[PDB]
Amino acid sequence: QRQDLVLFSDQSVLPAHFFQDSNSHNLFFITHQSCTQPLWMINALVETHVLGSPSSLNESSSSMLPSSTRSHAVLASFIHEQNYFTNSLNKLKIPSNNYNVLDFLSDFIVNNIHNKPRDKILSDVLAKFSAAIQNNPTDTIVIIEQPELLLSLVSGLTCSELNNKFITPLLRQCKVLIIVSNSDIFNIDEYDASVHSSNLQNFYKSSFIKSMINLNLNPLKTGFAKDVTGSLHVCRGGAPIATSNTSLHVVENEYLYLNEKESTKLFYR
Amino acid sequence: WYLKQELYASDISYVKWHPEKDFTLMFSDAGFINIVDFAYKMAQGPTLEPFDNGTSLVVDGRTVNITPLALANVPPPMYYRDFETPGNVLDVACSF
Amino acid sequence: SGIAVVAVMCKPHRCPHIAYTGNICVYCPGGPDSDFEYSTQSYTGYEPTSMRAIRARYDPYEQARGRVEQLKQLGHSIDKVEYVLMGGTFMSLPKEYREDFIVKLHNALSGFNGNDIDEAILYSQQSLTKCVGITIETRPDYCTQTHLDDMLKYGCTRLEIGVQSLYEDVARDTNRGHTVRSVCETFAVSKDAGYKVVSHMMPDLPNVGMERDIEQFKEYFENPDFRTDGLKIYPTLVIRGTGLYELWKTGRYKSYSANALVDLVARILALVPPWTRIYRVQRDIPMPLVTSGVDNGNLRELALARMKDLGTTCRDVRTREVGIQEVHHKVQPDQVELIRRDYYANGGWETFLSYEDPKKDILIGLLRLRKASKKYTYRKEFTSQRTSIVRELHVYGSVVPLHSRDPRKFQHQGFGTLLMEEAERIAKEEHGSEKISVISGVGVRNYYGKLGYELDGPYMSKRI
Amino acid sequence: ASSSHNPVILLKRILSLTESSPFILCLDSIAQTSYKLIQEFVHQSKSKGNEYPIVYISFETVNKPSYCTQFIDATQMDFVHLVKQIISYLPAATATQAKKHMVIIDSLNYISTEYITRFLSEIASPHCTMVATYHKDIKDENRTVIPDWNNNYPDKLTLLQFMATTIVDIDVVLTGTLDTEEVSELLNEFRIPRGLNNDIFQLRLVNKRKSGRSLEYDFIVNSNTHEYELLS
Amino acid sequence: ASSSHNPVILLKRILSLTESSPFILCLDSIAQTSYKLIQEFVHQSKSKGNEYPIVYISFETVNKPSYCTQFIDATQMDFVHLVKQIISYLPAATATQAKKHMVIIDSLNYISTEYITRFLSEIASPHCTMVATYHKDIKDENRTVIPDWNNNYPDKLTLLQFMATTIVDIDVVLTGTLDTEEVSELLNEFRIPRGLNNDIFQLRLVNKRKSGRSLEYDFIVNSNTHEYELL
Amino acid sequence: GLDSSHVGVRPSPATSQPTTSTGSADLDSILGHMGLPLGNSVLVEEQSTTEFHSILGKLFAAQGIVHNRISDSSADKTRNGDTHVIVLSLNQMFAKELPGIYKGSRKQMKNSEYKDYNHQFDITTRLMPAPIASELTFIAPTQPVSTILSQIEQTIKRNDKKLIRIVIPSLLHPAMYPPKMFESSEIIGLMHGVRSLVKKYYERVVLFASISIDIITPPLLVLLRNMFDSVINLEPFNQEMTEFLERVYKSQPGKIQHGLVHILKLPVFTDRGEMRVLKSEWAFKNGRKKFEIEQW
Ligand code: SF4
């Protein structure tokens, strides 16, 4: 029943030579319907970057502690806190010391962003990663989680300023960037966000233009069943692949996935 | 139900199957850890044209049942031209 | 063309299985004892056929003649009609009533005015407006060999024996008088006689869960005993006058929601073997008198949307039929092949032959063949040597256009001969039979008498 | 008349800059991005041999284009600077007899409408060729303009269609089991099904001539062998 | 005590002001204005043998009607003074349910939404009985919602529908050979076919009762013989 | 570590985690944990102008006071249970609105040892009497967010022993909340900081809130719904269905219901990637004793 998870022509999810090529950049865009959460995919990405294989889906997860590995990993998010990241991701056993974890929720709201000039806020939030990645320059992967929420935090900010002040510098400085977000704004029944709420959707469209691969986790259609949870889509993003080899491209396939007790299963219709 | 396979021993302590893998069971023999493995395999006769008649062989305890396909499409549950062995059966082969 | 279905009604009565259980089965609505009291059981008397039967005071001659004339006057011309009987248990009634009923039903079309049913059927064989069989409804307790001989003499071709469940508590708690296991021997004896057999099911019943509903159908389709040639699925709807409404009144009953039922139907339709014709998941109900349940007019209209979202769409006969002539010939079909399946069912080997398009899975023609066993046959025709029976011939391959160079002006008129000779080949070679027989309605006893089959008793047989 | 007797010849003359065009506009969307047409420019305009400075002014792009010879990042310049640090690389409006270069603008959606015409006024010269793409799925920002009943002026799309001398529209050719209705729907609720963003695409060409009506045709363009086929 | 009122009798009961709430909303358009509605109020209110002193607030009315006793015109003067002048002709006491000072408003379109509540929070006294009117078709001014990403505040219609205890709306029946589709077509062209501003109109009523529930009531009203019937 | 008092808690049958109880009858059953896990907030919603949910907004809070008031020389175990309930409203009527205990029965059977569990409640009976400011406090919401965020942290820090239960009665009611706070940044930042504080003290703090959605634009609702970790929606029947039920139900006054229940989000169950949305299956009813949720 079970099927392998392949995302490239080289029969490998995350090619190693991507990290071996200098003067290059790449961007992944992941969208999940907010009735489900893509954590079980972030875990797989981190394991396959560090351990070199999907250590929860295709491989066993009994030695899942990538701490103090020759590689590196940096995760930052706004939706949750440092306490949740430590306690949970260590209960999920996501590494610590060869690893960086960044909160922007706990105690950050209380007059540390509020009632301060916007330019200083943007400069400092960029400098956090600009300084946290100086240690290991070329063997890290960085993922940001739902950054568009910050748009609603800053007093009167549009897509363009946030994008050109946060996203593009991050991808220029770092090798590869992964951005994950949710898409409820496009799923309000009998209401059009295109009336006056297009500012947020502009960010999604811009990111999809700039992205290289597009990962989609979407819920089932009309009803709810037991043996299947959701649908998994892989698509080619807007930007082309900045690699140096020529035969490389992206495989094109759709999966049906079930999640239960942190255990995920993928198969075909 | 068919009696597909037997195993012989002179002692038993406990038997445990495998959670992830299957057809790999546990047993002991006077303090000796033992592991076995099984797999599906379908018996078949010759395939070449000079003797091309699909002959399917099945085992049921002390009995062997035959079915020559392309001469009869006899279904699984009923079989054709049996013969009863004095003992049970663990593997069967045919000629050319 | 001109296939016609003309339903008739029998006089009201009482099925005797009440006698050893006390009342009718719980789900049966109406009846003589109910307030209606001029109506056969399982029918409220408010159907159009009920109206046409009442005004005739339940007489077969008038009902048949009136329905035939109405259909002819509407704009269709009829030359092929199949009768179906309804209501209670027709076989319970005394001897003379059934004989007179059958003789009247045949003399309505034949134009004959005699008696001595043998002569009536003999004249009906040589008549215009041919009859293509009868459909008699009966219970397991009345399918003994004498009754089977009676039905064979009458001219019936297919039965429909309901089971309604495979569990054993349901039989006693629904006040139905037969153990489940006896239906298997009933099927075994019936099939060897050439009678196509169809069953009934009802998904929701008291003290039955969604699980048990699932694996009862799974066991029905998998077990080599419950393999039959048709099915009918009746979702449980609660009429006020039934014994089901009392349970809801006392609070001893509750039903399923809409989502649960549509999911169940979606799962069920994804398991049907390709030789069984799902008759009606969207059955016909007395609408306003139902008090509990859900709407059933478009269950499959949503189940199809469900299979399009989960995959593995239906594979029954009905969805794959192309018909006699130009139903879906708006597009030229694809590769045509012969597909032959074999299965073990009710103590015997049976073969299903079909002419199908494998790329898009449509159906053009089919045939069924059975190799007679030795532990169930009793007829003096089948107890003399080995023999095989063609239970059903079905040729929608009367289609004029086709794929792969259809006959120009011969237009598949010899298409059925292909299947007939194909059947005879394996009858002579594989079965090793010494006689082959085909069962058919009396009106079509000549489309088989040209290929060489000769008449013995109610059968069309030829040796090898 | 006796010039460009085949539409394909006209397209190739346009692509290879055989005939000068002061302004050309290309329209695209999310269903098909518009970086293959820059490859078309690079490949076709090299048969005539235009190695002349292919400046790539960028607003959003993170990567440096190999096919181009220059790279300018405009996430820190204002309008006057942005004009000023381009006239150097380009053949600015001096040396009335000189060569011509190539200009590639990555995006047009990040610029306020208030200066659009001026961005085509200070630079328009018989030495420069402006090429830029317009994403149609991004609705611009209009809180600052305050479109009340007394503060009105035309929208960006009409000005772009007016000041253009040649217009090309890009579309992705439907290949599998997706049609326009359900495609546009799924894009509206952002499910992005398979069957999108291929190299084989389709174009609509509108070419304007002086003192006359423009010509409108359609094309099928492959991005593999660089060959064209006119609409039947 | 009377309960489970006959729907026609209940319609009279509200119209006779046997019950009372500190806020009542009435809606009108350019097809049927509400002068005859006030006529029905006074006809079935003072027929009980009651005076019902009336205070009038005008934003669209031009002349002093016969219904009101006192008078105040609010076009020249503004909010900060109307919050004062409203109390001058309105004592702060209890018992809305009976003969008190009834404050009537002809139009509510001309007050900023940002201060709708600040207004209404200081008027609906237990002695005060408020009734107001709103024009449905007139579009709200663009500077009342601030359609930017900051202002999540709702519009004017929903705010009034959520706040008012009871809602009454009216529409004109076209006795002519036309259809309301054609009437809308001509009105979108600002054209008036013959048959508007009649006296036999239709009414829709909603009252919030039983801890918040509501029931919609429809009738047929004749404003000459004061005939209320079911539709 | 540090000292802590849990006013009442049992292991979660579903995942072996500390779980409190709202005091409800079937709402705690349908929360998946047979209770509310220590740390995850909840949300309940109503379609129409009715105020059914208001009843629930009382029960929870009252339960805590009981769980604190039946330990002072009334529980022989004298087990360490302390709560300091905080209410954010502009009207103080709640201070005299807690419903009364029916007969007690805080049994759970079917740092200290916590056996306390739900009680038996009835709506007609008022409480006897009501807590003093030392047990329960009121904070007006109209004050600037800086003061509120400082004061909540001060209250929790200065009372480290106590268990924390917070209730927000009818958040975003236009009669008390001005338009100057309907602006997008204000409320979302307020709740973002509230979530920060709540999950910071993950051991014992629990929060509860409810709003009205009929008068809220969908974008703000979407922004808000990601702040919490559980969403329950109550939709009352239409008038026609109610009349149909009353016309059919002639032998039962208790079988009359008011509407149905929809499940949009659950506790930690959902963060492991579980599709838990389930709508148009349950039916709610307010009752003389408690709040009933049954199958329809
Ligand atoms: S056996 Fe048939 S006729 Fe008799 S009670 Fe049952 S359903 Fe009715």
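Residues numbered from 1 in each chain as written, not as in the entry; some residues may be left out. Chains lettered and ligands numbered in written order. Part of a larger assembly, values for the part shown. Heavy atoms only, no water.

As summarised from the PDB record, the model derives from cryo-EM at a stated resolution of 4.35 Å.

What follows concerns the sheet that holds strand 4 (residues 158-160) of chain C. Residues and elements named next belong to chain C. Spatially, 1-2-3-4-5 is the arrangement adopted by the five strands of the open sheet, whose pairing is parallel. Looking along the sheet, the strands with just one partner apiece sit at the ends: strand 1 (3-9) and strand 5 (196-198). Neighbour to neighbour, the strand axes of the sheet diverge by 20° on average, direction disregarded. With three bridges connecting them, strand 3 (residues 130-137) and strand 4 associate as parallel partners. Across the sheet, the residue bridging to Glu 137 is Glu 160, located in strand 4. (Pairing = 2+ DSSP bridges. Helix = DSSP H or I, 4+ residues; strand = E, 2+ residues; numbered from the N terminus. Axes fitted to C-alpha atoms, helices over the stretch in contact; angles between N-to-C directions.)

Quick look at the sheet that holds strand 1 (residues 10-11) of chain F now. All names here are of chain F. Sheet architecture is open: three strands sit in the order 1-2-3, paired in antiparallel fashion. Across the chains shown, the open sheet's two edge strands, defined by having one partner strand only, are strand 1 and strand 3 (36-37). As defined by bridge partners, strand 1 adjoins strand 2 (residues 18-20) across two bridges and the pair is classed as antiparallel. By the bridge assignment, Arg 10 is partnered in strand 2 with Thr 19.

The next point concerns the packing of helix 3 (residues 95-110) of chain C against helix 4 (residues 117-125) of chain C. Residues and elements named next belong to chain C. Running from amino to carboxyl end, helix 3 crosses helix 4 at an angle of 30°, the nearest separation of the two axes being 10 Å. By the angle between their axes, helix 3 is roughly parallel relative to helix 4. Here helix 3 and helix 4 pass one another in a crossing that is left-handed. Facing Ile 102, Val 103, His 106, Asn 107 and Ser 110 of helix 3, the residues of helix 4 in contact are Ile 117, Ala 120, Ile 121, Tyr 123 and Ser 124. In the contact of helix 3 with helix 4, the residues fall into six nonpolar, four polar and no charged. (Parallel < 35°, antiparallel > 145°, perpendicular 65-115°, else oblique. Left-handed = near helix turned anticlockwise from the far one by under 90°. Contact = heavy atoms within 4.5 Å. Nonpolar A, V, L, I, M, F, W, Y, C, P; charged D, E, K, R; others polar.)

The next point concerns the nonpolar core. If you look at the biggest cluster of nonpolar residues, it comprises 64 residues, and the most contacted ones within it are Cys156(C), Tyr195(C), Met201(C), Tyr220(C) and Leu231(C). When residues no more than four places from it in sequence are discounted, the contact partners of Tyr195(C) are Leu148(C), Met151(C), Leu152(C), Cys156(C), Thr157(C), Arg158(C), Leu159(C), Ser190(C) and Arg391(C). (Core = buried A, V, L, I, M, F, W, Y, C linked by side-chain atoms within 4.5 Å. Buried < 20%, exposed > 50% of the residue type's maximum accessible area, 1.4 Å probe, protein only.)

Each partner contributes to the interface: chain A provides 33 residues, whereas chain F provides 25 residues. Summing both partners gives a buried area of about 2600 Å² for chain A against chain F, and 60% of it is carried by carbon and sulfur. Linking chain A to chain F there are one salt bridge. We note a salt bridge from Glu262(A) to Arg272(F), for which the minimum N-O separation is 4.0 Å. (Buried area = accessible area lost by both parts, 1.4 Å probe. Salt bridge = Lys/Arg side-chain N within 4 Å of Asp/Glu carboxyl O.)

So, on to the site of the ligand. Taken together, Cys15(C), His17(C), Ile24(C), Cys25(C), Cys28(C), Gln41(C), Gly88(C) and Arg139(C) make up the full set of residues near the ligand. For the shell around the ligand, the residue count by class is four nonpolar, three polar and one charged. (Near = heavy atom within 4 Å.)

For the rest of this paragraph, the subject is the arrangement of the chains. The least C-alpha distance between chain C and chain E, which are not in contact, is 27 Å. For the non-touching pair chain D and chain F, the nearest C-alpha separation works out to 15 Å.

If a strand is regular, its side chains alternate between the two faces of the sheet. All names here are of chain D. Most of strand 6 (residues 166-172) is tucked away: five of the seven residues are buried. By the bridge criterion, three bridges tie strand 1 (residues 23-28) to strand 6 in an arrangement that is parallel. Pairing of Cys 26 across the sheet is with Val 168, part of strand 6. Pairing of strand 6 with strand 7 (residues 201-207) involves seven bridges; the strand directions are antiparallel. For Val 168, the partnering residue across the bridge sits in strand 7 and is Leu 205.

It is worth spelling out helix 8 (residues 198-210) of chain A at this point. Each full turn of the α-helix corresponds to 3.6 residues, which orients residues three or four apart in the same direction. For helix 8 of chain A, with 13 residues, the first-to-last C-alpha span of 18 Å sits near the 18 Å given by 1.5 Å per residue. In terms of residue burial, helix 8 of chain A counts as a mostly covered element, since twelve of its 13 residues are buried. Looking at helix 8 of chain A, one finds that the buried residues are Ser198(A), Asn199(A), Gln201(A), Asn202(A), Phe203(A), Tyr204(A), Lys205(A), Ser206(A), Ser207(A), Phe208(A), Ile209(A) and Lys210(A). Against strand 1 (26-32), helix 7 (159-173), strand 5 (176-182), strand 6 (213-219) and strand 7 (230-236) of chain A together with strand 5 (130-135) of chain D lie the buried residues of helix 8 of chain A. (Expected span 1.5 Å × (residues − 1).)

Before going further, it helps to examine the pairing of strand 3 (residues 102-105) of chain E. All names here are of chain E. Of the two faces of strand 3, the one lined by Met 102 and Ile 104 and the one lined by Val 103 and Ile 105 are each fully buried. Of the strand pairs in this sheet, strand 2 (residues 54-57) and strand 3 are connected by four bridges, and their pairing is parallel. Counted as the bridge partner of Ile 57 is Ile 105 from strand 3. Handedness of the crossover joining strand 2 and strand 3 through helix 3 (residues 79-88) is recorded here as right-handed. Note: strand 3 against strand 4 (residues 129-135), three bridges, orientation parallel. Bridging from a neighbouring strand, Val 103 pairs with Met 130 of strand 4. (Right-handed = clockwise from strand over helix to strand, strands pointing away.)

Per the counting criterion, the structure on display carries 43 salt bridges over all chains. A salt bridge links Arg79(F) to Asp116(F); the nearest nitrogen and oxygen atoms lie 2.3 Å apart. When salt bridges that share partners are traced, they join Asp192(C), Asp229(C), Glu350(C), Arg368(C), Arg370(C), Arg391(C) and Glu392(C) into one network.

Residue and element names in this part refer to chain D. A contiguous nonpolar surface patch, about 330 Å² in accessible area, is contributed by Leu 215, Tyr 217, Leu 230 and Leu 231. Within the secondary structure, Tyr 217 is located in strand 8 (residues 215-221). Judged by its relative accessible area of 40%, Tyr 217 falls in the partly exposed class. (Patch = residues over 30% accessible without salt bridge, like charges linked within 9 Å, V, L, I, M, F, W, Y side chains within 5 Å. Areas by Shrake-Rupley, 256 points an atom, 1.4 Å probe, with all protein chains shown as cover.)

Moving on, we come to the packing of aromatic side chains. Counted by the stated rule, this structure contains 37 aromatic pairs over all chains. Their ring planes at 85° and their centres at 5.6 Å tell us that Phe8(A) and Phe18(A) sit as a pair that is edge-to-face. Note that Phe8(A) is positioned in the segment before helix 1 (17-20) and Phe18(A) in helix 1, a separation of ten residues in sequence. Summarising the burial analysis for this pair, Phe8(A) and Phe18(A) share the class buried. Taken together, a centroid distance of 5.8 Å and an interplanar angle of 80° make the contact between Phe51(B) and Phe96(B) edge-to-face. Separated by 45 residues along the polypeptide, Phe51(B) in the loop between strand 2 (33-35) and strand 3 (55-60) and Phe96(B) in the segment after strand 5 (80-84) bring together distant segments of the chain. Each residue in the set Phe186(A), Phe203(A), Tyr204(A), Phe208(A) and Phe190(D) is aromatic and connected to the rest through ring pairs, giving one cluster. A cation sits over an aromatic face here: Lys11(C) above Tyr97(C), 4.5 Å from the ring centre. Lying over the aromatic face of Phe162(D), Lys208(D) brings its terminal NZ or CZ to 5.9 Å of the ring centre. (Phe/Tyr/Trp six-rings, centres within 6.5 Å; stacked < 30°, edge-to-face > 60°. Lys NZ or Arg CZ within 6 Å of the ring centre and 35° of its normal.)

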